[PDB]
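Structure data follow from protein15.txt (compact mmCIF, N, CA and C atoms):
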# COMPACT_ATOMS: atom_id res chain seq x y z
N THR X 106 -22.42 -23.49 15.85
CA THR X 106 -22.28 -23.46 14.39
C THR X 106 -21.65 -24.75 13.88
N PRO X 107 -22.39 -25.51 13.08
CA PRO X 107 -21.81 -26.71 12.46
C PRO X 107 -20.54 -26.36 11.69
N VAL X 108 -19.56 -27.27 11.75
CA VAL X 108 -18.27 -27.02 11.12
C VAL X 108 -18.45 -26.75 9.63
N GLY X 109 -19.36 -27.49 8.98
CA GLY X 109 -19.58 -27.34 7.54
C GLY X 109 -20.08 -25.96 7.16
N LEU X 110 -20.57 -25.19 8.13
CA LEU X 110 -21.17 -23.90 7.88
C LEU X 110 -20.27 -22.75 8.33
N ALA X 111 -18.99 -23.03 8.62
CA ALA X 111 -18.09 -21.99 9.06
C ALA X 111 -17.80 -21.00 7.93
N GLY X 112 -17.74 -19.73 8.29
CA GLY X 112 -17.37 -18.72 7.32
C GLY X 112 -15.87 -18.63 7.17
N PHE X 113 -15.41 -17.99 6.09
CA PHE X 113 -13.97 -17.75 6.04
C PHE X 113 -13.71 -16.48 5.24
N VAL X 114 -12.48 -15.96 5.40
CA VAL X 114 -12.00 -14.79 4.65
C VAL X 114 -11.41 -15.28 3.32
N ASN X 115 -11.87 -14.72 2.20
CA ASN X 115 -11.36 -15.11 0.90
C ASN X 115 -10.31 -14.12 0.41
N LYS X 116 -9.44 -14.61 -0.47
CA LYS X 116 -8.23 -13.88 -0.81
C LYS X 116 -8.57 -12.59 -1.55
N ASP X 117 -9.59 -12.63 -2.40
CA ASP X 117 -9.92 -11.47 -3.23
C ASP X 117 -10.48 -10.32 -2.39
N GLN X 118 -11.36 -10.64 -1.44
CA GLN X 118 -11.99 -9.62 -0.60
C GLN X 118 -10.98 -8.94 0.31
N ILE X 119 -10.12 -9.71 0.98
CA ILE X 119 -9.18 -9.07 1.91
C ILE X 119 -8.10 -8.27 1.14
N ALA X 120 -7.64 -8.77 -0.01
CA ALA X 120 -6.70 -7.98 -0.81
C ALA X 120 -7.31 -6.62 -1.17
N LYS X 121 -8.58 -6.64 -1.60
CA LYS X 121 -9.31 -5.42 -1.93
C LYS X 121 -9.38 -4.48 -0.74
N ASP X 122 -9.70 -5.03 0.44
CA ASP X 122 -9.83 -4.20 1.64
C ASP X 122 -8.48 -3.58 2.03
N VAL X 123 -7.40 -4.36 1.91
CA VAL X 123 -6.08 -3.85 2.31
C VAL X 123 -5.62 -2.77 1.32
N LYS X 124 -5.87 -2.97 0.03
CA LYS X 124 -5.54 -1.91 -0.94
C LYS X 124 -6.29 -0.60 -0.63
N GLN X 125 -7.57 -0.69 -0.23
CA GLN X 125 -8.34 0.51 0.12
C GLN X 125 -7.75 1.21 1.34
N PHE X 126 -7.34 0.43 2.36
CA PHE X 126 -6.69 1.02 3.53
C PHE X 126 -5.40 1.73 3.12
N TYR X 127 -4.58 1.06 2.32
CA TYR X 127 -3.35 1.70 1.83
C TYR X 127 -3.65 3.00 1.09
N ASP X 128 -4.61 2.96 0.13
CA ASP X 128 -4.92 4.17 -0.65
C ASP X 128 -5.34 5.33 0.26
N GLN X 129 -6.14 5.03 1.29
CA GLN X 129 -6.56 6.08 2.21
C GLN X 129 -5.36 6.66 2.96
N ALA X 130 -4.46 5.81 3.43
CA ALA X 130 -3.26 6.30 4.13
C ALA X 130 -2.39 7.15 3.21
N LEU X 131 -2.21 6.72 1.95
CA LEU X 131 -1.42 7.49 0.99
C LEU X 131 -1.99 8.88 0.80
N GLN X 132 -3.31 8.97 0.61
CA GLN X 132 -3.91 10.29 0.45
C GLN X 132 -3.68 11.16 1.69
N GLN X 133 -3.91 10.59 2.86
CA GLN X 133 -3.78 11.34 4.12
C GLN X 133 -2.34 11.79 4.33
N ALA X 134 -1.37 10.96 3.94
CA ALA X 134 0.04 11.30 4.08
C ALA X 134 0.46 12.50 3.23
N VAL X 135 -0.24 12.80 2.12
CA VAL X 135 0.16 13.94 1.29
C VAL X 135 -0.43 15.24 1.79
N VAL X 136 -1.55 15.21 2.49
CA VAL X 136 -2.10 16.43 3.05
C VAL X 136 -1.61 16.48 4.50
N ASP X 137 -0.79 17.48 4.81
CA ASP X 137 0.17 17.38 5.90
C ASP X 137 -0.41 17.77 7.25
N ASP X 138 -0.25 16.87 8.22
CA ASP X 138 -0.50 17.09 9.64
C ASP X 138 0.02 15.85 10.35
N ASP X 139 0.13 15.94 11.68
CA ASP X 139 0.54 14.76 12.44
C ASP X 139 -0.52 14.31 13.45
N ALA X 140 -1.74 14.85 13.38
CA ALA X 140 -2.85 14.16 14.00
C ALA X 140 -3.05 12.82 13.32
N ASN X 141 -2.89 12.81 12.00
CA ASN X 141 -2.82 11.58 11.24
C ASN X 141 -1.50 10.87 11.51
N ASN X 142 -1.59 9.59 11.82
CA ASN X 142 -0.45 8.69 11.81
C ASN X 142 -0.13 8.21 10.39
N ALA X 143 -0.72 8.86 9.39
CA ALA X 143 -0.71 8.35 8.02
C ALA X 143 0.70 8.23 7.43
N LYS X 144 1.56 9.23 7.66
CA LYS X 144 2.91 9.14 7.11
C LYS X 144 3.66 7.94 7.69
N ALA X 145 3.49 7.66 8.99
CA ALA X 145 4.10 6.45 9.55
C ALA X 145 3.50 5.19 8.96
N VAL X 146 2.18 5.19 8.71
CA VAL X 146 1.56 4.00 8.11
C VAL X 146 2.10 3.77 6.70
N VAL X 147 2.17 4.84 5.86
CA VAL X 147 2.63 4.61 4.48
C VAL X 147 4.08 4.16 4.46
N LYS X 148 4.95 4.80 5.26
CA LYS X 148 6.35 4.37 5.33
C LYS X 148 6.44 2.91 5.71
N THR X 149 5.60 2.47 6.65
CA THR X 149 5.66 1.08 7.10
C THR X 149 5.21 0.13 5.97
N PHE X 150 4.14 0.49 5.26
CA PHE X 150 3.74 -0.35 4.12
C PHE X 150 4.85 -0.40 3.08
N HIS X 151 5.48 0.75 2.79
CA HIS X 151 6.50 0.78 1.76
C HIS X 151 7.70 -0.07 2.15
N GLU X 152 8.16 0.07 3.39
CA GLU X 152 9.31 -0.71 3.83
C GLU X 152 9.00 -2.21 3.87
N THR X 153 7.82 -2.56 4.35
CA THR X 153 7.45 -3.97 4.53
C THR X 153 7.25 -4.68 3.19
N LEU X 154 6.56 -4.03 2.24
CA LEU X 154 6.28 -4.66 0.96
C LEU X 154 7.27 -4.31 -0.14
N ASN X 155 8.20 -3.38 0.11
CA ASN X 155 9.19 -2.91 -0.85
C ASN X 155 8.51 -2.32 -2.09
N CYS X 156 7.74 -1.26 -1.84
CA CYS X 156 7.02 -0.55 -2.90
C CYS X 156 6.97 0.93 -2.55
N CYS X 157 6.46 1.75 -3.49
CA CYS X 157 6.18 3.15 -3.14
C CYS X 157 5.04 3.63 -4.05
N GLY X 158 3.83 3.67 -3.53
CA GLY X 158 2.71 4.26 -4.26
C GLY X 158 1.80 3.22 -4.89
N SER X 159 0.79 3.73 -5.58
CA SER X 159 -0.20 2.87 -6.22
C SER X 159 -0.34 3.37 -7.64
N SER X 160 -0.41 2.44 -8.61
CA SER X 160 -0.57 2.90 -9.98
C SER X 160 -1.94 3.54 -10.20
N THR X 161 -2.88 3.31 -9.28
CA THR X 161 -4.17 4.01 -9.39
C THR X 161 -4.09 5.46 -8.90
N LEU X 162 -3.05 5.80 -8.15
CA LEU X 162 -2.84 7.12 -7.55
C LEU X 162 -1.46 7.63 -7.89
N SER X 163 -1.08 7.53 -9.17
CA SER X 163 0.32 7.70 -9.53
C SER X 163 0.85 9.09 -9.17
N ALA X 164 0.05 10.13 -9.32
CA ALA X 164 0.57 11.47 -9.06
C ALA X 164 1.02 11.62 -7.60
N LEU X 165 0.39 10.88 -6.69
CA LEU X 165 0.71 11.01 -5.27
C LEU X 165 2.12 10.56 -4.94
N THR X 166 2.72 9.68 -5.76
CA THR X 166 4.11 9.26 -5.51
C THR X 166 5.08 10.44 -5.54
N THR X 167 4.74 11.51 -6.26
CA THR X 167 5.62 12.67 -6.25
C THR X 167 5.73 13.27 -4.84
N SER X 168 4.65 13.24 -4.06
CA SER X 168 4.75 13.69 -2.67
C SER X 168 5.49 12.68 -1.79
N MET X 169 5.30 11.38 -2.03
CA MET X 169 6.05 10.37 -1.27
C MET X 169 7.54 10.59 -1.45
N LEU X 170 7.96 10.89 -2.69
CA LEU X 170 9.38 11.07 -2.98
C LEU X 170 9.95 12.31 -2.29
N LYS X 171 9.17 13.39 -2.23
CA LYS X 171 9.72 14.60 -1.63
C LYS X 171 9.68 14.59 -0.10
N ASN X 172 8.86 13.74 0.51
CA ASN X 172 8.86 13.56 1.96
C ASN X 172 9.68 12.37 2.42
N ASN X 173 10.47 11.78 1.52
CA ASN X 173 11.33 10.64 1.85
C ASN X 173 10.52 9.49 2.45
N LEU X 174 9.34 9.21 1.88
CA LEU X 174 8.46 8.18 2.40
C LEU X 174 8.58 6.85 1.65
N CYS X 175 9.40 6.78 0.60
CA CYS X 175 9.64 5.51 -0.09
C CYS X 175 10.68 4.71 0.69
N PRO X 176 10.87 3.42 0.37
CA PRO X 176 11.78 2.61 1.19
C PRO X 176 13.16 3.27 1.24
N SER X 177 13.75 3.25 2.43
CA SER X 177 15.06 3.83 2.61
C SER X 177 16.08 3.08 1.76
N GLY X 178 17.00 3.84 1.19
CA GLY X 178 18.00 3.28 0.30
C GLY X 178 17.61 3.44 -1.15
N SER X 179 16.38 3.05 -1.50
CA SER X 179 15.91 3.02 -2.88
C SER X 179 16.14 4.35 -3.60
N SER X 180 16.39 4.25 -4.92
CA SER X 180 16.54 5.37 -5.84
C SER X 180 15.20 5.82 -6.45
N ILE X 181 15.23 7.00 -7.08
CA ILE X 181 13.99 7.60 -7.61
C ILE X 181 13.43 6.74 -8.74
N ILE X 182 14.28 6.35 -9.70
CA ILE X 182 13.76 5.57 -10.82
C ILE X 182 13.29 4.22 -10.32
N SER X 183 13.90 3.70 -9.25
CA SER X 183 13.50 2.37 -8.81
C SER X 183 12.19 2.39 -8.04
N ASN X 184 11.71 3.56 -7.64
CA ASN X 184 10.35 3.61 -7.12
C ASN X 184 9.33 3.72 -8.24
N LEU X 185 9.79 4.15 -9.40
CA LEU X 185 9.00 4.36 -10.61
C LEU X 185 8.76 3.06 -11.37
N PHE X 186 9.82 2.26 -11.56
CA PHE X 186 9.77 1.05 -12.38
C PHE X 186 9.52 -0.25 -11.62
N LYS X 187 9.75 -0.31 -10.31
CA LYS X 187 9.40 -1.50 -9.55
C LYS X 187 7.88 -1.60 -9.45
N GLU X 188 7.38 -2.80 -9.13
CA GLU X 188 5.93 -2.97 -8.99
C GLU X 188 5.40 -2.11 -7.85
N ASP X 189 4.14 -1.67 -8.00
CA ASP X 189 3.48 -0.81 -7.03
C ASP X 189 2.92 -1.59 -5.84
N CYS X 190 2.37 -0.86 -4.87
CA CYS X 190 1.98 -1.52 -3.64
C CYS X 190 0.72 -2.39 -3.84
N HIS X 191 -0.13 -2.07 -4.82
CA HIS X 191 -1.31 -2.93 -5.02
C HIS X 191 -0.87 -4.31 -5.51
N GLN X 192 0.11 -4.34 -6.39
CA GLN X 192 0.63 -5.61 -6.90
C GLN X 192 1.28 -6.42 -5.77
N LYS X 193 2.04 -5.75 -4.89
CA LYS X 193 2.68 -6.42 -3.75
C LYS X 193 1.65 -6.96 -2.77
N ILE X 194 0.56 -6.21 -2.54
CA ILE X 194 -0.49 -6.70 -1.66
C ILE X 194 -1.15 -7.94 -2.26
N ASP X 195 -1.43 -7.91 -3.57
CA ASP X 195 -1.94 -9.09 -4.25
C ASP X 195 -1.01 -10.29 -4.04
N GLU X 196 0.30 -10.07 -4.17
CA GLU X 196 1.23 -11.20 -4.06
C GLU X 196 1.30 -11.73 -2.63
N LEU X 197 1.10 -10.86 -1.65
CA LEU X 197 1.08 -11.32 -0.26
C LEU X 197 -0.04 -12.33 -0.02
N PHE X 198 -1.25 -12.01 -0.49
CA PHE X 198 -2.37 -12.91 -0.23
C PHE X 198 -2.41 -14.11 -1.17
N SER X 199 -1.73 -14.04 -2.32
CA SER X 199 -1.66 -15.18 -3.23
C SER X 199 -0.47 -16.11 -2.93
N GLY X 200 0.47 -15.68 -2.09
CA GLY X 200 1.61 -16.51 -1.74
C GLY X 200 2.69 -16.61 -2.80
N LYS X 201 2.88 -15.55 -3.58
CA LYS X 201 3.90 -15.55 -4.62
C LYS X 201 5.19 -14.94 -4.06
Go ahead and express the file in the form of structure tokens.
Amino acid sequence: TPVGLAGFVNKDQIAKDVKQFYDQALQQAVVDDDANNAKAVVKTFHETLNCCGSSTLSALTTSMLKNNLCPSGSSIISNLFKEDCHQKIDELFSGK
């Protein structure tokens, strides 16, 4: 493959894909079982990006709060008013 013809991953596509993965894990984490690693995945996203939930799936944050799946330490209102995980994922790929 000529160097000039190399493919690459663009910021908009991968941000979109990562948000979809997060949304799927959030949904799976609210319907309860442990065959799914979903609760561990959502907790890890929340702790790593310092967020809890998605503004596209706002009602689901009520289950995150009752299962203690938001970042440890954080208060209830601060999971409500801080930026959501989609915004944090955008900032990761944009370098902000």
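Closest approach to residue X:176 among X:194, X:156, X:108, X:164: X:156, based on only C-alpha atoms.
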Compare X:140, X:165, X:154, X:147 by their minimum atom-to-atom distance to residue X:195, counting only C-alpha atoms, and give me the closest one.
X:154
Neighbour list for residue X:151 as a PyMOL selection string, cut-off 7 Å, only N, CA and C atoms, skip fewer than 4 positions in-chain:
chain X and resi 146-147+155-158+174-177
Which value, in Å to one decimal, gives the distance between atom CA of residue X:201 and atom N of residue X:148?
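Straight-line distance from atom CA of residue X:201 to atom N of residue X:148 works out to 22.6 Å.
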If DSSP is run on the backbone, what residues of stretch 124-192 of chain X are alpha helix (DSSP H)? A reply as a VMD selection string would be ideal.
chain X and resid 124 to 135 143 to 154 166 to 171 181 to 186 190 to 192
What is the atom N of residue X:145 to atom C of residue X:130 distance in Å?
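Interatomic distance here is 8.3 Å.
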Quick check, in Å to one decimal: how far apart do atom C of residue X:189 and atom N of residue X:161 lie?
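Separation of atom C of residue X:189 and atom N of residue X:161: 8.3 Å.
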Which of these residues is nearest to residue X:187, using only C-alpha atoms: X:110, X:168, X:159, X:137?
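Distance minimum relative to residue X:187 lands on X:159.
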Would you pick out the contacts of residue X:160 at 6 Å or less, using all atoms listed in the file, so that residues sharing its chain but fewer than 3 positions from it are not included, and give the list as an MDAnalysis selection string?
chainID X and resid 163 189:191
Counting only N, CA and C atoms, which residue out of X:149, X:199, X:184, X:173 sits closest to residue X:116?
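Using only N, CA and C atoms, the shortest distance to residue X:116 belongs to X:199.
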